[PDB]
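Residue numbers (PDB author numbering), protein chains in the order written: chain O, 1 to 219; chain C, 27 to 66, 80 to 95, 99 to 140, 157 to 176, 187 to 245, 261 to 347; chain P, 1 to 226; chain B, 348 to 595.
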Amino acid sequence: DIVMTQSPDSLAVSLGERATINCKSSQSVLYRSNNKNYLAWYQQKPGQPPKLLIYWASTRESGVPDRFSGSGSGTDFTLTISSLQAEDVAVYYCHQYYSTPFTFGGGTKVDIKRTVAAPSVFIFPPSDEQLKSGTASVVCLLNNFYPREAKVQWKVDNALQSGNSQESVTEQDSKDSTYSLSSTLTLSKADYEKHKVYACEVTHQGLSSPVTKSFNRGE
Amino acid sequence: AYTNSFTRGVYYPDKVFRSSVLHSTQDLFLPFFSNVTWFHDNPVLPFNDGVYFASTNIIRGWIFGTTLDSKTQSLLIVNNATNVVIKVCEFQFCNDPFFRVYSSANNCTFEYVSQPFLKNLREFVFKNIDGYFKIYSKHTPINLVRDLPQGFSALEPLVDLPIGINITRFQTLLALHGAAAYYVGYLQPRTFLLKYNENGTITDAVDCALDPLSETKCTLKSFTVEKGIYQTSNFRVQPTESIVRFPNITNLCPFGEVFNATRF
Amino acid sequence: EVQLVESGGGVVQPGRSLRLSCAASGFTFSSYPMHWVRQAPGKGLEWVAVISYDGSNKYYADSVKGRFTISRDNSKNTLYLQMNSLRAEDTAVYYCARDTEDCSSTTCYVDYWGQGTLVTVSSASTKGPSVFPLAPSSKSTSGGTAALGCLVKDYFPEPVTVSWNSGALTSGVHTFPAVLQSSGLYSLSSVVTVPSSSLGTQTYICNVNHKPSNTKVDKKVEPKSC
Amino acid sequence: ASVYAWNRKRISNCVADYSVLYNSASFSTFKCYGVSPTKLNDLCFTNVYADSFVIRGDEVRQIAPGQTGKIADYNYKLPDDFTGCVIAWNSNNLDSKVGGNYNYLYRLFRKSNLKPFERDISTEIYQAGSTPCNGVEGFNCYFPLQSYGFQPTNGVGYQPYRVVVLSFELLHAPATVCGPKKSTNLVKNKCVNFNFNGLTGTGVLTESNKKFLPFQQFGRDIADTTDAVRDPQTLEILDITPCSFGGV
Ligand SMILES: *[C@@H]1O[C@H](CO)[C@@H](O[C@@H]2O[C@H](CO)[C@@H](O)[C@H](O)[C@H]2NC(C)=O)[C@H](O)[C@H]1NC(C)=O
Ligand SMILES: *[C@@H]1O[C@H](CO)[C@@H](O)[C@H](O)[C@H]1NC(C)=O
Ligand SMILES: *[C@@H]1O[C@H](CO)[C@@H](O)[C@H](O)[C@H]1NC(C)=O
Ligand SMILES: *[C@@H]1O[C@H](CO)[C@@H](O)[C@H](O)[C@H]1NC(C)=O
């Protein structure tokens, strides 16, 4: 059909500046009987269905200030945002409607870039009453680290942890304009007595070395 | 600076084989012994109705179009890396192309990469018919400085392109690291008679409007005539202008009185 | 000024066939084309299908061939999507959307979105979360602000609710997306900040309401012997 | 697109099966001029051009080699020596809205008629009298394009009809669009009847020692008959002779 390449995908640009998202489909999705480029720009805040920004890939619809601007022709198109605001940490998409089947963009998760932060580390042993579950959860807690390009690792006595060590992260946290992370070790007790020391370490651009919070079993 | 095209600008018009025969064809040809312009680096030379172009790897490609101002599709043929490139985009080329020539390649319709076609005299015929841009070509050794060498050679078709644009003007190209010699002539809708040799190679041709002798060769359908008197065609003087005489009627008959009558 | 209320939804087992029906309100239903647009967790937008303003023409998506059919009951202002033989990848909120007949043909860009259901694809039991504490009692030695929390392991489907001391703590309340167990079981940790000098001043209770099974279980989060 | 700028698509290097087109009853008009619709799966064409647009149900007749008329003169001209087919079908559901479809537009107010297969994208104010109308429209100045309404309740004549015309290149230059047929191996030195990608005949085939230049595809005779052909799938030249005849 018409497969669309939308760039860039991970806009991390500070507040107030300009930004631009270009789109390039395989087909030249345009028409000349009506010199109208069948293509639209949409955006979406997390938690809501997306919102229409530009139709005909160029023209502005009501309720849209100059924080959005659509343009383009041929098979190249540009959404230009002149100034950023605090409500625009959202995912932007392009969408064709020239010919079925309709396609969307890959997405563009824009955030106001904030200064490089400092990653917090906290550790928690398996809950003492929880041992009857069959799962031992050894927890590492992280907040206020950014950019997220930063490595977090659980080490159980110099053995790379995966599958049984699993991680999750929220969105661009509002309080600090920086991310957070929760990473936990899942173990069985038979596996739990087969080790000595449990550690979680985090390295960031601000940390030349991964700083490790650890405990020795039994305390 | 002019020169005369001696027996040059003849090509295979039909792509169908023919051996040991004389065939009469009416097609856009360049008449024998015609004054071709010489350039030695071009103003806006028209493509008006077809072009013959000879030249003597210092020369690199051609710019074809009507306005060459991004308002019309403009054809372009250049060589890079021993590799020919052809484009039909909406160019805004430099006023003095030389690789800055390809400036503003936006809003294309076709793009083509192919094997190269290049002292030596290189001969080319360009025509635009039926929404096609047809090119004919040949390359031969050359030792001519001022002239367009005497002799005969037939150009076989090299490329045809389904372009479908209105072409009016063109120009040549010489790329960066006065000029070398090239020759431009203009095709005409004239009837030749062609001598397909036993191997199918065209070897001679006669123009049925060059002189009365060739008109006889045309009517006899041969290249040799014997002592005699031959009747070839008819002379007829042509009208000089039109005249239209009508009466002094001034009224306009009321068709509305019939076409806008209320009750039929 | 259009409201769409979608019937159907809920957990479904793969290999089963059922249907959604979306009732529309606030406009003339029988003169607007309808769209299904998948909103997948963490993926984004994926077009599905379209039905003409009279429902005359039906278009389906590429990777949807052999799966769905979509009809339109104009009488009660509803769009019906009969889905068949669902796969584990098809969990998403499938927003029904009303077109605008503006383009030269009988399809164009879309303006109004209706809040679709959450048809949940899984072949397993709906397991209620068990609430677990998170207070190391010896590793919160950060002095001013140490993160301590709650574990919500084994909850399905994802609707979940975390309040700290009935919401008494509001700053640093980290509610995390599911940390999926390799067997596909959902889990997440939700934490708050405590000065370690005041660990036992307020007894912490992690209250989770698991909407699918209404699991209403609470668990303490207190500095232990550990 | 619309008749103001009919879309042209060149297609080549296919195996076109025209029977699927001719068998589906969806079409209201399916008329072929230079060929026979039942005989399209046996011929070979160099290229084929598909022209597409949308018109009213009235002027489906206007798509014809002659047949002068408003659209046939000012919008889309068919050459008199036409060889091809014209397909038209009512598409009211696809192109008529309850509010009406007004984005379809067609040309009036041209200084003259059109060449066969000539395109007209110029949108310039027309001059009825002699005013130098620079962007004005006062009682002598007409904007050349006017649209269609395309209501679903309209009469048959005003409804939308989608039209596509196929023009074939029956030029004998090497073919690329050929119909569905099963090439067999060739037998020489026997009077057989042959079909060389649309070139039908009967005779005795033999190897030839005449060298085609790499661009010819067949050789012809003093009479309009073929005497040498180039075999596809081998690029080999074959002499053709008539298998013997005589009186008794
Ligand atoms: C290629 O895309 C279109 C088609 O010509 C051109 O875009 C036009 O932009 C002008 C702006 O002055 C508008 O007036 C027209 O409405 C647009 N299209 C037309 C001609 O209807 C674009 O200019 C072309 N690219 C180049 C370099 O010419
Ligand atoms: C014609 O063919 C013969 C074959 O040997 C060759 O010797 C001769 O050079 C050819 N002449 C031309 C003009 O091709
Ligand atoms: C009737 O009169 C009006 C104006 O006088 C004119 O526009 C119209 O063309 C006339 N009818 C016919 C069939 O000509
Ligand atoms: C044409 O296609 C067949 C594939 O079965 C192949 O065997 C044959 O060599 C091909 N001929 C040419 C000239 O490519």
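By construction, the Cβ of each residue, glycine as well, lies at the ideal position given by its N, Cα and C atoms.
Looking at the structure shown, is residue i part of a helix, part of a strand, or coil, going by DSSP?
i: C:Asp294; result: coil
i: C:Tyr37; result: strand
i: B:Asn440; result: helix
i: C:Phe342; result: helix
i: O:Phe77; result: strand
i: C:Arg190; result: strand
i: C:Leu303; result: helix
i: C:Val62; result: strand
i: O:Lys189; result: helix
i: B:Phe541; result: strand
i: B:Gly526; result: coil
i: C:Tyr200; result: strand
Under 7 Å from any heavy atom of ligand 5, does the C-beta of residue i make it?
i: B:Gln564; result: No copy of ligand 5 appears in this structure; the ligands present are ligand 1, ligand 2, ligand 3 and ligand 4.
List the residues of chain B that residue i touches, going by C-beta distances under 8 Å, in chain order.
i: C:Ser45; result: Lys557 and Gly566
i: C:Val42; result: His519, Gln563, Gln564, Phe565, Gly566 and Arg567
i: P:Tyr53; result: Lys444 and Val445
Of the choices the options, whose alpha-carbon is the least far from that of residue i?
i: C:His49; options: C:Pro295, C:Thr315, C:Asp290 and C:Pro330; result: C:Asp290
i: B:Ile569; options: C:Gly35, C:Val47, C:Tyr37 and C:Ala27; result: C:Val47
i: P:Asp90; options: P:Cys103, P:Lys58 and P:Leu45; result: P:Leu45
i: P:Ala146; options: P:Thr120, P:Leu86, P:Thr78 and P:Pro223; result: P:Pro223
i: B:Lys557; options: C:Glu281, C:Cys301, C:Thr29 and C:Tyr37; result: C:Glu281
i: O:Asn37; options: O:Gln43, O:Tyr55 and O:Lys51; result: O:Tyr55
i: C:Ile231; options: C:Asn211, C:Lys202 and C:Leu244; result: C:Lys202
i: B:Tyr473; options: B:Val534, B:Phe464, B:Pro491 and B:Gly416; result: B:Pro491
i: O:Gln161; options: O:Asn144, O:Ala150 and O:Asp191; result: O:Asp191
i: O:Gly106; options: O:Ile21, O:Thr212 and O:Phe215; result: O:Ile21
i: C:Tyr265; options: C:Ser45, C:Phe43 and C:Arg102; result: C:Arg102
i: P:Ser197; options: P:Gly143, P:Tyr95, P:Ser71 and P:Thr203; result: P:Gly143
Whole angstroms is fine: what's the gap from residue i's alpha carbon to residue j's?
i: P:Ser21; j: P:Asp111; result: 20 Å
i: C:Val62; j: C:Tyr269; result: 8 Å
i: O:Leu79; j: B:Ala435; result: 40 Å
i: P:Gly184; j: P:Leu18; result: 23 Å
i: C:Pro174; j: C:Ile119; result: 11 Å
i: O:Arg32; j: B:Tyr449; result: 15 Å
i: O:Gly70; j: O:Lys196; result: 59 Å
i: B:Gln409; j: P:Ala40; result: 51 Å
i: B:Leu452; j: P:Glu101; result: 17 Å
i: P:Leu4; j: P:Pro33; result: 14 Å
i: P:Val160; j: O:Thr178; result: 24 Å
i: P:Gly10; j: O:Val169; result: 26 Å
i: O:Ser137; j: O:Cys200; result: 13 Å
i: C:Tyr170; j: C:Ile128; result: 5 Å
i: C:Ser60; j: C:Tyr204; result: 19 Å
i: C:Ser94; j: C:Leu189; result: 5 Å
i: O:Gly163; j: O:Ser127; result: 20 Å
i: O:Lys151; j: O:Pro49; result: 33 Å
i: P:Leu79; j: B:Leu441; result: 20 Å
Which residues of chain O have a Cβ atom closer than 7 Å to the Cβ of residue i, listed in chain order?
i: B:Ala352; result: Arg32 and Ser33
i: P:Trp113; result: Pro49
Listing by chain order, which chain P residues have their CB less than 7 Å from the CB of residue i?
i: O:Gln130; result: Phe132
i: B:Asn448; result: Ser104
Report the neighbours of residue i on chain P: residues whose CB is nearer than 9 Å to its CB, in chain order.
i: B:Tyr451; result: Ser104
List the residues of chain P whose Cβ lies closer than 8 Å to the Cβ of residue i, in chain order.
i: residue 307 of chain O; result: In the structure as shown, chain O starts at 1 and stops at 219, and residue 307 of chain O therefore has no counterpart that could be examined.
By the criterion of Cβ-Cβ separation under 9 Å, what are the contact partners of residue i in chain B?
i: P:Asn57; result: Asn440 and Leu441
i: C:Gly283; result: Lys557, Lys558, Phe559, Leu560, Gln563 and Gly566
For a contact meaning CB atoms closer than 8 Å, what does residue i contact in chain O?
i: B:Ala348; result: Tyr31, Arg32 and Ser33
Fully enclosed by the segment 91-168 of chain O, which beta strand (DSSP E) runs are 3 residues long or longer? 91-96, 122-124, 136-145, 151-156 and 165-168
Completely contained alpha helix (DSSP H) runs for the segment 419-479 of chain B, where each covers 4 or more residues: 439-442
Within the segment 359-423 of chain B, ranges of the beta strand (DSSP E) (whole runs, at least 3 residues): 376-379 and 395-403
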